[PDB]
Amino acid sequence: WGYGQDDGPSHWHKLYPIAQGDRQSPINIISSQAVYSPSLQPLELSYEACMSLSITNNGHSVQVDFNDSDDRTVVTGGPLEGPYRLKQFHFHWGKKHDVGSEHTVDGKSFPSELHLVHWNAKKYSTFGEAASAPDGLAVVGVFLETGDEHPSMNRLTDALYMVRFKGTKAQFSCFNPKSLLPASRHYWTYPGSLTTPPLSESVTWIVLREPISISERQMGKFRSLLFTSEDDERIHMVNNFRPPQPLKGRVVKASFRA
């Protein structure tokens, strides 16, 4: 599977039937239809500064992995019952600036979307095990728009050249993911799935209301990454996103009033 013309999202169901399931992600969030839920707890992203390990081009995205041996870097509150440890973060983006994000809001897409992936380590033994359970994962999504240069983002975009080819990785120490967060903690939440195969319906999605901004130069660095290996013909990593899926009666809750 991939994001090309022949192995892209519209064909994933041929391999993973759950692709046509009842709690698939991403979705188009219709703001006026989300339900204000004042019973939700405050969302807290408690991240340490030096828990990052490496940055890798896995052929589908660029991902930063974290040390998750303890609960020093976790998300808690909001719709979650307990803390979920951060395992990794990655991005989805487009070839053009009018597309790239997985989730959309009122039919609007952003050029990119950041996914901070957490798991219920207090309850499950491995990330893979948690990924098989309805309450196993929590992914915080942050939209990216282009505008002013993002200072912290420079560390990440400067490291992309060395991982331009599929299957390569580099050490990436002391990058605090809190630096990629907006000043607001308002969000939308709904029960969903992983947005890439195996498409398991084990994710509690937390999509932040406020996007962060990066420069066009920085966004351009992501488009310089490749889906291909060093020997293969070059194919730039772009449009690595899954389009919105049917809501199927699910209720989207909001921590705020629109």
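The first residue of the sequence shown is number 1, and the count goes up from there.
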Between 66-74 and 47-55, point out the one with the higher average CA B-factor as the PDB entry records it.
-> 66-74
For the stretches 86-94 and 102-110, which has the higher mean C-alpha B-factor as given in the deposited record?
-> 102-110
For 42, 197, 211, 192, the deposited C-alpha B-factor is largest at 42
Of the choices 33, 204, 215, 28, which one's C-alpha carries the largest B-factor in the record?
-> 33
If you rank the chain by CA B-factor, which third does residue 147 end up in: lowest, middle or highest?
-> middle
Record-listed C-alpha B factor of residue 178: chain third | middle
Which third of the chain holds residue 136 when residues are ordered by C-alpha B factor: lowest, middle or highest?
-> lowest
Which third of the chain does residue 249 land in by C-alpha B-factor: lowest, middle or highest?
-> highest
Considering only modelled residues of the same chain, in which third does the CA B-factor of residue 161 rank: lowest, middle or highest?
-> highest
